[PDB]
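Q: Just to be clear, this is only the beginning of the complex, oriented as in the whole thing:
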Amino acid sequence: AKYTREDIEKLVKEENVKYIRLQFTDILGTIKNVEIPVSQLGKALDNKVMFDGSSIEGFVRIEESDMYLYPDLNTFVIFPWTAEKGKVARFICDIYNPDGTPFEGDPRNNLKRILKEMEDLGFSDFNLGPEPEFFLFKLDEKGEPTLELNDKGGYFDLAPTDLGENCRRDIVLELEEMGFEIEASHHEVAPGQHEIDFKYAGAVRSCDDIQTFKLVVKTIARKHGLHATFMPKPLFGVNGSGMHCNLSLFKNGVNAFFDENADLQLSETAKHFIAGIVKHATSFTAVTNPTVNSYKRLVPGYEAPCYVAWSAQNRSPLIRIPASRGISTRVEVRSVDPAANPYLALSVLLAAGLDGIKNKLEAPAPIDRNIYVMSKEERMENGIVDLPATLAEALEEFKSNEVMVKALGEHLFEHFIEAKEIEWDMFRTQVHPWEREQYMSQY
Amino acid sequence: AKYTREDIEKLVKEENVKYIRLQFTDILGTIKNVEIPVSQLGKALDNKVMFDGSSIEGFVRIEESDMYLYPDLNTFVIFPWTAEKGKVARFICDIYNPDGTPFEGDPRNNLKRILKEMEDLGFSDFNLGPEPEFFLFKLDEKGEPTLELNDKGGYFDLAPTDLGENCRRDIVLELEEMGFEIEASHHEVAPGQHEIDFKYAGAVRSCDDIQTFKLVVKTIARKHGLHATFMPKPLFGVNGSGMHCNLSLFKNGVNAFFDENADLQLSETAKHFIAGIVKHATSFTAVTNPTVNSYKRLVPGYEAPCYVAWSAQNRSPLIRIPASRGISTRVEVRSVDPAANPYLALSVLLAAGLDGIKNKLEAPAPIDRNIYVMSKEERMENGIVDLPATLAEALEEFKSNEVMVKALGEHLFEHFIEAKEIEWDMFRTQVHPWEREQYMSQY
């Protein structure tokens, strides 16, 4: 435990906290919350604070149902930018049913369940090193989003010189004050695109920071007159944004993926992991790329995964394996994007991985040769399947996979499919300007 | 023969024709042409006029290849609106290879081939009574299309009162002077939507008029400061435009679909026809609804076919059977839209129909009960398949059907698939404003 209930009570008093937000996540990955005055902390730490848990299902909810809110004192943070008049602190919580049992529809819960499957397999911890990317746009007069990019930097360039702005720097500084240990940041390929990578951390913790990260990024960015977005592909023709996930399984406190003696220094356990993700990849894409626009990023020519395959060095493998070895040995899934629900994304990935480990699934041969120059036919002969091209396709596949479906839970699954299904329908029944610019006069 | 070569030469001289357009259609249904001075008529009637036939493949062409142009004197027409300075006449032609043989890539040819399959089956003629719908929009200052509709009329209302405009009336009048025998016209369901129905006519002739019709509509409409469009679904939320096709097979000069003694007065031949279209419907949709936007019209709630089924009276059956019987006995396919290539659409329909007749395919039971209130599950139990939801799906199905594929010709098929395939890719890799209005801020 990082914070005992006394440590908190003393922290709220000393730091003069005046506002406490009890945040959590819904099925769509959206960051939700229920704010209480500092004079409510007591009932909060007592887990007696209630709320309409049907809000977890998002815009699919049908009837309100009372649910409890159990704060996790380890996630206690104090937002530094808020000050004077009143300091604001948060508390990521766990949703609990009125009777006292965990709500099966809560994503953060689903992750723990899958993580419990991992421990029952002999594994200690499951780390995650995310690489969330995002774009920053300018705000107009009314303070609305615009297609105007904040800068014109390239991949790894000295983005926004150290002026009074440099939103990317400022975010990293704010995160550091909040206790966020960041690895490094840099300007991304496309103009106005940025990236900040964290140090590895346990599953639930890493996902907790991904949620808090987006919040901080969007917040600080709005203070700088900018608008931050984790939309997979905002602008056509330019690079999209992904949130690559470096995973590593630990056993007895040792990277179970490292095998110095083995070729590429990758142990049998690690190779089976790969097989797992390779077998379920096309099936968990609906989760790791939950939006319609997510698939506008999954197109060739922008360094984003399009076919299921892995290597050490390639134009853009679905699964990449970093150079560093030893305790850093890890497998990187590059298909995931920042729009994905961090908790639901790990749940599915871990399940795909743990699947191969248990069933000793055999991993295919790496693909180091350029795969983007091969035809769909030539791709088959080599056993290279393609990822789903649309949310619709990703949904049919996801429903075909028994393990991936069980990786979310009957409740969560049911709602996820319902929401996305409606999402797609709206999109498909819609008539976009492109269709008019292309057919209005031609026909 | 309607016009002997002498009749033409005398008509061009007497009517002082100064400009002759040798029109034809490409694979995309687009109306193409090659205009010649009246002083070129000779070489024209001699079928010695050449052109780059690779233009028939549309934006897919790769290398130019000389091809001949054989005018059909029966299609000779004189556009009435053009006058004074110089009168203009047209001549729908047939594309012929340099050696003298018909080009397999010409749609109008494909239709004759399929029609030859019909005659070799004992049938005399194959009629077609189209019902093309279209919208008229206003032109701005620069004379560009706008989303502003010409009127606000409803279904069968007294559209645009008899003023100096009334574009719908004026088109019908112009067509009548050109020798177009129209059945009737009326204002359609959606505002600014119009419909004009012709009298039945042979396959090639009816398709010839559908091509000429669009030309006349778009032309006259532009004279009235309006902009005509046969785009399947211009505006979201409002009705789309279809081009229902009333078909009827003739044998020895008698409607082979009529059987007074038989129930519903429909002969065995007619019922087998239905079976044919019901079996290939999901497969020929890629042809009858060739554009991406075509599927934005194939959505429920706008009186447009969404499931394969037929009846005498329903909310919107794929196949409808008009009341009138006897020589008028006919089957109406309501899935087809005006964006479809008239020639390629008949080719496929006729093949689907002739398929059932030859193989004596058994027709399913009519569906008179409301089908739009049933679930996808409840739909299955009743054996009601759904039409393709996107151009992508329609293409995979079309390629699965051996008969439908052979209904177009190896050459035409190959090019059609290539073009549409590219069409879809552009559309899918595109990032529409809708996606941004929905994700930009949410993520």
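A: Great, that's in hand. Numbering: from 1, shown residues only, chains lettered A, B, ... in the order given.

Q: Show me where the stretch 301-443 of chain A has its helices.
A: A:342-358, A:376-381, A:391-400, A:402-406, A:410-429, A:433-439 (DSSP state H, counting those that start in this stretch).

Q: what's the angle between the longest one and helix A:391-400?
A: In this structure, helix A:410-429 runs at an angle of 160 degrees to helix A:391-400, with axes from the mean of the first three to the mean of the last three C-alpha atoms, to 10 degrees as the basis.

Q: residue ranges for the helices of the stretch 151-300 of chain A, please.
A: A:167-177, A:203-223, A:268-288, A:294-297.

Q: Among those, which comes closest to chain B?
A: Distances from chain B to each of the helices of the stretch 151-300 of chain A were compared using C-beta to the nearest C-beta; the minimum, 5.1 Å, belongs to helix A:294-297. The way it works is simple: take the backbone N, C-alpha and C, and place the C-beta from them, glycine included.

Q: Quick check: residues of chain A near chain B?
A: A:30, A:145, A:227, A:229-236, A:291-293, A:295-296, A:299, A:338-339, A:389-390, A:392, A:427-436, A:438-443 (C-beta under 8 Å from any C-beta of the partner chain).

Q: one more time with 7 Å
A: Residues of chain A lying close to chain B (C-beta under 7 Å from any C-beta of the partner chain) are A:145, A:229-231, A:233-236, A:291-293, A:296, A:299, A:339, A:389, A:427-436, A:439-441, A:443.

Q: Now the buried members of the residues you listed.
A: Among the residues of chain A next to chain B, those classed as buried by 16 or more other C-beta atoms under 10 Å in any protein chain shown are A:145, A:229-231, A:233-235, A:291-293, A:296, A:299, A:339, A:389, A:427-432, A:434-436, A:439-440, A:443.

Q: Redo the helices of the stretch 301-443 of chain A as JSON lines? Include distance to residue A:155.
A: Formatted as JSON lines, the helices of the stretch 301-443 of chain A follow (distance: least, C-beta to C-beta, whole Å):
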{"stretch": "helix A:342-358", "distance to residue A:155": "25"}
{"stretch": "helix A:376-381", "distance to residue A:155": "28"}
{"stretch": "helix A:391-400", "distance to residue A:155": "28"}
{"stretch": "helix A:402-406", "distance to residue A:155": "33"}
{"stretch": "helix A:410-429", "distance to residue A:155": "31"}
{"stretch": "helix A:433-439", "distance to residue A:155": "29"}
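
Q: most packed of the ones you listed?
A: Among the helices of the stretch 301-443 of chain A, helix A:342-358 has the highest mean neighbour count (mean count of other C-beta atoms under 10 Å in any protein chain shown), at a mean of 26.

Q: gap between it and the chain center?
A: Remark: helix A:342-358 is offset 13 Å from the chain centroid, using C-alpha atoms, centre = their mean, to the nearest Å.

Q: other SSEs contacting it?
A: helix A:107-119, helix A:203-223, strand A:243-251, helix A:268-288, helix A:402-406 (3 or more C-beta pairs under 7 Å, 6 or more residues apart in numbering or on different chains; DSSP states H and E).

Q: Point out the most buried one among these.
A: Of all the helices and strands packed on helix A:342-358, as judged by average neighbours under mean count of other C-beta under 10 Å, the leader is helix A:268-288 with a mean of 24.

Q: relative orientation of it and helix A:342-358 in degrees?
A: 140 degrees.

Q: In contact with the residue nearest to residue A:190 when sequence neighbours are not counted: list those residues for me.
A: Distances taken as C-beta to C-beta, 6 or more residues apart in numbering or on different chains place residue A:239 nearest to residue A:190, at 3.9 Å, with adjacent residues excluded. Taking C-beta atoms under 7 Å, 6 or more residues apart in numbering or on different chains, we find residue A:239 in contact with A:188-190, A:193, A:302-303.

Q: By neighbours, which of these wins?
A: residue A:193 (25 neighbours; other C-beta atoms under 10 Å in any protein chain shown).

Q: quick one: it and residue A:133 touch, right?
A: Yes. Counting by C-beta atoms under 7 Å, residue A:193 touches residue A:133, with 6.1 Å between them.

Q: Mutual contacts of these two, please.
A: Common neighbours of residue A:193 and residue A:133 (C-beta under 7 Å, 6+ apart) are residue A:241.

Q: put chain C on too:
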Amino acid sequence: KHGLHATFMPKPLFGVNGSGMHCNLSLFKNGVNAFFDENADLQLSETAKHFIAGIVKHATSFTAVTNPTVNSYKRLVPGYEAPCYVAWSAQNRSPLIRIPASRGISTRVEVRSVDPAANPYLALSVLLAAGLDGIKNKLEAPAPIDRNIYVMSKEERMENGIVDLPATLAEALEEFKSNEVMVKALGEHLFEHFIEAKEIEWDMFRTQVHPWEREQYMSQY
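A: This next block brings in chain C, placed alongside the chains you saw above:
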């Protein structure tokens, strides 16, 4: 002060959720929640049952007070989690009366028809009146209607103990004028002026010609 404008208007925007001011009620006898009952169906004492009966009886009658404005009824429309029919449940799309999960001294009856435009004191007067009317007369509470009312035909909906709330301010006012206890719940002087205020108010709204009317009739006719 924030360059903004707060509004408690029941329904300021069409096709968007309206604002309601749900009222969680709870009666105490001798400093003890008279609505809680350890060993009882759904852990709800008789007094609580009777209170629910009293509200269900005068629900259609006190609507005029809890929804005093004309706009208050553009909120009372299906599809926006706002009460549209008289019924009490614990888990439903949008019941008029709801009984939250928690029990003990937290046992309460929630009335969701009330909106923020209502006069707090007057709203409580009729609500409490109706609730006491049920306890004093030990009115029998109807069966809790779970299921889903927002899909039942109107006939069917009526075949069961389910009536829809007043459609307009006028409809509500007439009903209110026929309910003796509801009338005696405000007071001769309050009731008088209230009815006057709303009738004069409603009349203004009924004689007005809205843009919607011209958009729909100016050309079609």
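
Q: Neighbouring strands of the top strand by length along chain A in the sheet, and parallel or not?
A: Longest strand in chain A by number of residues (criterion: DSSP state E): strand A:126-139. Within its sheet, strand A:126-139 is paired with strand A:145-149 (antiparallel), strand A:193-198 (antiparallel), strand A:201-202 (antiparallel), strand A:226-229 (antiparallel), strand A:243-251 (antiparallel), according to DSSP bridges.

Q: next one: phi and psi at residue A:317?
A: With angles defined as degrees, to the nearest 10, residue A:317 sits at phi -70, psi 150.

Q: Contacts only, for it.
A: A:305, A:309-311, A:334.

Q: Just these: which are in strands?
A: Using DSSP E, the contacts of residue A:317 in strands are A:310-311.

Q: Generate JSON lines for the contacts of residue A:317, with distance to chain C as supplementary columns.
A: Formatted as JSON lines, the contacts of residue A:317 follow (distance: C-beta to the nearest C-beta, whole Å):
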{"residue": "A:305", "distance to chain C": "39"}
{"residue": "A:309", "distance to chain C": "47"}
{"residue": "A:310", "distance to chain C": "48"}
{"residue": "A:311", "distance to chain C": "51"}
{"residue": "A:334", "distance to chain C": "40"}
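
Q: Where do the helices of the stretch 1-150 of chain A begin and end?
A: A:5-14, A:41-45, A:107-119.

Q: To chain C, which of the ones you listed lies closest?
A: So among the helices of the stretch 1-150 of chain A, helix A:41-45 is nearest, using C-beta to the nearest C-beta, at 11.7 Å.

Q: Of all the residues in the stretch 51-200 of chain A, which one is nearest chain B?
A: For the stretch 51-200 of chain A, C-beta to the nearest C-beta, closest residue to chain B: residue A:145, 5.7 Å.

Q: Pull up the gap between that residue and residue A:170, please.
A: From residue A:145 across to residue A:170, the span is 19 Å (C-beta to C-beta, to the nearest Å).

Q: same check, this time on residue A:11
A: On the measure of C-beta to C-beta, residue A:11 and residue A:170 end up 25 Å apart.

Q: quick revisit: how far off centre is the longest strand of chain A?
A: Using C-alpha atoms, centre = their mean, the offset of strand A:126-139 from its chain centre is 9 Å.

Q: Same check on stretch A:412-427?
A: On C-alpha atoms, centre = their mean, the centre of stretch A:412-427 falls 19 Å from that of its chain.

Q: what comes into contact with that stretch?
A: Under C-beta under 7 Å, 6+ apart, the answer for stretch A:412-427 is A:27-28, A:57-60, A:105, A:107, A:110, A:286, A:290, A:292, A:391-392, A:395, A:399, A:405, A:408, B:434.

Q: got the contact list for the spatially most central residue of chain A?
A: For chain A, residue A:342 is the residue whose C-alpha lies nearest the centre (C-alpha atoms, centre = their mean; 3.3 Å). Applying C-beta under 7 Å, 6+ apart, we find residue A:342 in contact with A:29, A:207, A:210-211.

Q: if we can go back for a sec, quick one: the longest strand of chain A to helix A:203-223, angle?
A: Using the same axes, to 10 degrees: strand A:126-139 against helix A:203-223 is 10 degrees.

Q: Give me the angle between strand A:126-139 and helix A:167-177.
A: 140 degrees.

Q: Just the buried positions in strand A:126-139, please.
A: For strand A:126-139, by 16+ other C-beta under 10 Å, it's A:126-137, A:139.

Q: Closest one to chain C out of the residues you listed, please.
A: residue A:139 (15.6 Å).

Q: Can you dump the C-alpha atoms of the longest strand of chain A in PDB for me?
A: Only the C-alpha atoms of strand A:126-139 are listed here, as PDB (Å, rounded to 0.1, in the frame of the first residue of the first chain):
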ATOM      1  CA  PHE A 126       2.300  -8.100 -16.100                       C
ATOM      2  CA  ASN A 127       3.900  -4.800 -17.100                       C
ATOM      3  CA  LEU A 128       2.900  -2.300 -19.700                       C
ATOM      4  CA  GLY A 129       5.000   0.500 -21.300                       C
ATOM      5  CA  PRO A 130       2.500   2.600 -23.400                       C
ATOM      6  CA  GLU A 131       3.500   5.100 -26.100                       C
ATOM      7  CA  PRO A 132       0.400   7.300 -26.600                       C
ATOM      8  CA  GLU A 133       0.500   9.700 -29.500                       C
ATOM      9  CA  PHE A 134      -1.800  12.700 -30.000                       C
ATOM     10  CA  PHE A 135      -2.300  15.900 -32.000                       C
ATOM     11  CA  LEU A 136      -2.700  19.400 -30.800                       C
ATOM     12  CA  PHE A 137      -4.900  21.900 -32.800                       C
ATOM     13  CA  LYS A 138      -5.500  25.600 -32.400                       C
ATOM     14  CA  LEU A 139      -8.700  27.000 -30.900                       C
END
